[PDB]
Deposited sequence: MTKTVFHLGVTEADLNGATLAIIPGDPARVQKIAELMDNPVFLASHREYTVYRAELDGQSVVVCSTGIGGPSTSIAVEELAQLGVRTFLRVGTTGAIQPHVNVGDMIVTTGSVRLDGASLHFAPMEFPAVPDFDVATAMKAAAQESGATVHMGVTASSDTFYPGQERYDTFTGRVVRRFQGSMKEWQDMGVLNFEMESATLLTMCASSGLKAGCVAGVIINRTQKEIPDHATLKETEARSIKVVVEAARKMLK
């Protein structure tokens, strides 16, 4: 059977049960090449899929595109093909003054400022990572020598108003999000990104293990708009986290 969007079969994955899921299709080959025997499988829309071998075990690398909706398709279709563990890596904007560019964040829970999470569980349900995955990501990030923060991430369906950016075409933010950055800062939230609420909610409510690690490329107390080094370190960390998840 060949899934609707990803263009791969179960056989193509060579028994892989773990996927690393970056957002940018261009990052997929970079991650795969950190491992052994990388093989290009397919590319369609925002979904580029490779497989590789890590300590002799097959691993998939598959891009998600931006946002919960496109991520939800990739996760569902990979799960149909046997994948059970999902490691998200990406970039992020920090909102706490003490978090610096180049630091890494492992999400312990996400503020659900998305829509797709609600397609898996009502809002009351926590957007929480698998504890083993979060533990592996913390260990990999700390062992790398990075400065690592564990905490809550605000996960938004937009890059602009939902992250309270004003340098925009309208220069306006809807009532719901006015003052929201300060609110999240006061509540100890570490960072903004756009996929973790969907990923974590869908997996935690569907018997899949997931976690998120991100490299900080901007601090929103400094400016609104932004990283090559941070990105490179982040992907080395996620591969080491995958190594720790292998059985």
Missing C-alpha runs, given along the deposited sequence, first residue counted as 1: 1-2, 229-232
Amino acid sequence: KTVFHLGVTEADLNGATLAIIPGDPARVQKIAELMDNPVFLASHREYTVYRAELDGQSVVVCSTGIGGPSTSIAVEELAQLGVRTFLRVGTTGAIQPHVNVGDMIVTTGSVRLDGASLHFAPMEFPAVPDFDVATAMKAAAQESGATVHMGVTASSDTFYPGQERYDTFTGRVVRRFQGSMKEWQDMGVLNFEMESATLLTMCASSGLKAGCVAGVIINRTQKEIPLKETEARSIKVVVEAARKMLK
From here on, numbers count along this sequence of modelled residues.
Given 18-26 and 227-235, the range whose Cα B-factors average higher in the PDB entry: 227-235
Residue range whose averaged C-alpha B-factor is higher in the record, 33-41 or 200-208: 33-41
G162, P126, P97, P122, ranked by C-alpha B-factor: the highest one: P97
Highest recorded Cα temperature factor - choice among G65, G188, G56, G179: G56
Chain thirds of CA B-factor: placement of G102: highest
Chain-wide C-alpha B factor ranking for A79, given as lowest, middle or highest third: middle
For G93, the third of its chain into which the C-alpha B factor falls: middle
Record-listed C-alpha B factor of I218: chain third: middle
Assigned third (lowest, middle, highest) for the C-alpha B factor of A52: highest
